[PDB]
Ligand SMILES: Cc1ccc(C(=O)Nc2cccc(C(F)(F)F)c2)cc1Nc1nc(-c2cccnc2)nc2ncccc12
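One chain comes next, on its own, written out as structure tokens in the form solved without the named molecule.
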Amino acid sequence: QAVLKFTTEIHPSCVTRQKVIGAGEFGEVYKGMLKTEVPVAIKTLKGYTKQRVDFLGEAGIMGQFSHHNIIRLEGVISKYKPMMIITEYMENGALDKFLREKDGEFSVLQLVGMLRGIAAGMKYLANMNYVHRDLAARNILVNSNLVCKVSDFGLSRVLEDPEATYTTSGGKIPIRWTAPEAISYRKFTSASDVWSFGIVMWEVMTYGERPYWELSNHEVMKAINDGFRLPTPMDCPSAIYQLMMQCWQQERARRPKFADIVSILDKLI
């Protein structure tokens, strides 16, 4: 229950690591095979220490989801060493790195498609009363058919509903991606995730530019509360930038919902 559902336990003899594909905060990430024979991603723990309870907690959150645009959990290994979380394998890896690798190789219309998938995943998340709190292109994964899936559930929290708010006591947060009210007043809502989705749209339409460039976190914060918003990316359709700006309304209640975002994006496609 904390969190043994829907966490299918997997036996180590079913898992075959073949190569390192990345390093998380928790350990290496591998590409491998799973048998019950399918390709998977395998997340390991390192002398790790309670860094373990957090590690497996992410999987516990992830296992409650079943959606096209949310990363699928195959299962965990929690009895043996090293500990492992097994998910569906995504060929093209993280979305920001992938767009930088392939700049100018996608049409505006294909990019909007990628965003519609993310928006669809987030809409599902919000209907499950979750707020993600860490929505960024680095946390969207891309499969070999360019389908984008939301992936990184460490910072996620259950909500509740007029003001379904998570008030944090603190922690590390991705400053450039976070709504002003969540930085300043610690209030996180699906509307603050909508702010984050705006920044993700910008990252996508710029082919992986770092939001706010080389401004420091401290300058970004003063700017954002001085009414600064990020400029239109080159060749960005007005309608898409107008949507970004809606996501970046200073007042959270003036921001669109994820359900609205999906409709607007479908229309433009």
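Only the largest set of C-alpha atoms that superpose within 1.5 Å between the two forms is called the rigid core. When you see a residue number, it is the position in the sequence shown, counting from 1.
The next section is about a form of this same protein that is not shown, the form solved in complex with the named molecule.
Judged by the 2.4 Å clash test against backbone and C-beta atoms, the pocket of this chain is blocked once the named molecule is superposed from its pose in the entry with it bound, as three or more ligand atoms violate the cut-off. Within 4.5 Å of the named molecule in the entry with it bound, a heavy atom is found for not a single one of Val194, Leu243 and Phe258.
With a 4.5 Å cutoff on heavy atoms, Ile21 counts as touching the named molecule in the entry with it bound. Shown alone here, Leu34 lies farther than 4.5 Å from the named molecule in the entry with it bound, counting heavy atoms only. Remark: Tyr207 does not count among the residues lining the named molecule in the entry with it bound, judged by a heavy atom distance of 4.5 Å or less. Heavy atoms of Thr189 never reach within 4.5 Å of the named molecule in the entry with it bound, leaving it off the interface. Contact with the named molecule in the entry with it bound, judged as any non-hydrogen atom within 4.5 angstroms, is confined among 178 to 186, 104 to 112, 194 to 202, 145 to 153 to 145 to 153.
Between the named molecule and the residues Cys236, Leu230, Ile61, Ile224, the one pair within 4.5 Å by heavy atoms in the entry with it bound involves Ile61. Along 86 to 113, these residues reach a heavy atom to within 4.5 Å of the named molecule in the entry with it bound: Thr87, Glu88, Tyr89, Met90, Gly93. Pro82 is among the residues whose C-alpha shifts by 2 Å or more between the shown form and the other one once the rigid core is aligned.
Core-superposed comparison between the shown form and the other one: the Cα of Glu251 travels less than 2 Å. Put the two forms on the same core and the Cα of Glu28 is off by 2 Å or more between the shown form and the other one.
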